[PDB]
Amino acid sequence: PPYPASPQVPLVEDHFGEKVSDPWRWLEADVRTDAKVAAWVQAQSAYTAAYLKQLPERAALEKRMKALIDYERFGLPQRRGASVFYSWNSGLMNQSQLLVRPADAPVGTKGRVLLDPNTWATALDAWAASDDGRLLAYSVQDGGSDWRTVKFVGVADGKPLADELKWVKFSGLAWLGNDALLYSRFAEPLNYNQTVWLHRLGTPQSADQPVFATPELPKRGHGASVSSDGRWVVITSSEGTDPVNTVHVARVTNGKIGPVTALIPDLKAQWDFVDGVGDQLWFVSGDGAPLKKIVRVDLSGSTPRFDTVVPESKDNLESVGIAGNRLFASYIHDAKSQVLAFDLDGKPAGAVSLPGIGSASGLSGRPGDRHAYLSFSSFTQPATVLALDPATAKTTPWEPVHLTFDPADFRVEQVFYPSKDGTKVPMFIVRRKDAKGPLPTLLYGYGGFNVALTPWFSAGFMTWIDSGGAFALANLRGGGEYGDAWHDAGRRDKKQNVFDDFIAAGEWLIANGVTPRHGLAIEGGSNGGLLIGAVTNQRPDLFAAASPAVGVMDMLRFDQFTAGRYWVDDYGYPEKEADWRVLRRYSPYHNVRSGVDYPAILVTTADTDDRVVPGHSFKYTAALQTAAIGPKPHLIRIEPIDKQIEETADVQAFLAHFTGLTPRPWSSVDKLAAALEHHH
């Protein structure tokens, strides 16, 4: 049916000797105060909703996505004494509970509820079990205050102790053995003069002992940790969001904290404390190492000795933990996690075996303990705790998690493909194990602002994959996957490289049998919506369908709105001639090409948006609907978890319809059952 009207107010301006037409500038006005925009929004929204309600793929997609949202989650466990402590959510609870059970209880034994914050406006922030596991300290936030109250519970019976610590803020919780706790606090009244104190259990807070302050440095913050064997206090101090810190240490002898001395006295680099064993401490250091390194500090001598036990590599070092007798170092290796193991002195001990390609978050475990744990997630694996045997560097399943699918029924693959200029770009391809040929494919990208698109679990993407579609994600230049050079290679005058990389991804998938010639759909949001708009103008023949969300579509005027002036660092400056010419070559709103058949396009945005003003999407839609670009629908869907499910179902039904995807279930369980029926 014919599109709703998009009246033009003719307007042509001179910019750098060129004429620029902008007939829909009126669509930049706020929908809340401009009748003309409100009327257009109401008409387009109703027009799109009427079309989308007709797509027969929608029902099955909405049902799949709803079923994927809510599931149980386990936190990384902490073993102390006779007990193991871990958070658990059923999938339904506003806050996780803290559970505890005997350390030797079988995996899968229901834990005892130690804290249930849902029965308390009052949130559990942090918790720490004592060294022997008999007491638990926890931090409580009332409302949205930055202040905390630290409270304690006895673990055996789950009953509160009397002790409460007030005026705690921006603090750790660190036990000094079994009956004292280091914490940071401020004066009972401005975040000045934060101080580290020691609380002894069974005494009032007024009996607490001061441990560390910097009385000539009022803006300096201080957090305290204790090595796992209780031998060293380590105080990390910083000021003002630069990722650098000082380090002070104090020897603990017979429960008593010795003099606090400066180990790294100046604010020059990142020094993140890992743990200590004996009189050796390990840190992740940024000193002379943008991608970080591991430094061992030996304090047994009269002067600290620094040894780099794992030097800076080619890969970014994200985090390090110690477990068993080893260091476990989580790196970003070709846009995904590689966890390497080392002896404490740096000797390589190989890579940790992971279930497949994905992202590793934290590690839990202790020196001398044979049970360690690693958090893992990927496109077909919601974040899960794996058991890690630190002596063999092998992961295995820990607690079973009930999901509506089996992660082993899917495969994440990674390829590296040449862009126009020969640059090898990584791409992930994710498919259910019934895929035995070309499939309708959803290709996602962002490509900007140093954003690294490492694997994560998206319920929306999983809906597509578990409906029989292929998913692909390209780690385009402009991102942070290979650091600052990668970012610089896709911004400013080189922004077009991002678009070439993405077009080459699309070509590769077709050429290499992942996707049919007419079965490629593309999606992206914000800077990723610009990506979609730009490649749609340049190669409309490559894509069956496209959905730009909240896209920056007018690249000549992006800095005229709210927040968009901050984006000049990647996009350049429209007031500058040379930067303007670069922008004019790809601004999606200014590059719609009549006479050429465009893909089906579903633009999405809310009717107000502080980050990317909706006017970008509104004017871009008016341009597409006005242009002579063939018969496929060029539509705008104009809008909490409930809203996101509806949007995802609409978008995916649209993309499925235009790529030939018929949503179908499959599982290896059902394949086996089908195979066995024949033998009767």
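Residue numbers here begin at 1 and follow the sequence given.
Missing deposited residues between residue 639 and residue 640: 4 to 9, all without coordinates in the entry. In this entry, residue 189 is separated from residue 190 by 4 to 9 residues of the deposited sequence that have no coordinates. Mean C-alpha B-factor is higher over 592-600 than over the other stretch, the pair under comparison being 526-534 and 592-600.
The stretch with the higher mean CA B factor, choosing between 389-397 and 333-341, is 389-397.
Comparing C-alpha B-factors across 76, 443, 465, 92 in the deposited entry, the largest value falls on 92. The PDB entry assigns the greatest CA B-factor among 623, 651, 635, 645 to 645. In this PDB entry, the Cα temperature factor of residue 410 sits in the bottom third of its chain's modelled residues, the lowest group. The deposited CA B-factor of residue 573 belongs to the middle third of values across its chain. Among the modelled residues of its chain, residue 506 has a C-alpha B-factor that falls in the lowest third, as given in the PDB entry. Sorting the modelled residues of the chain by their CA temperature factor places residue 424 in the middle third. Among all modelled residues in its chain, residue 266 ranks in the highest third by Cα B-factor.
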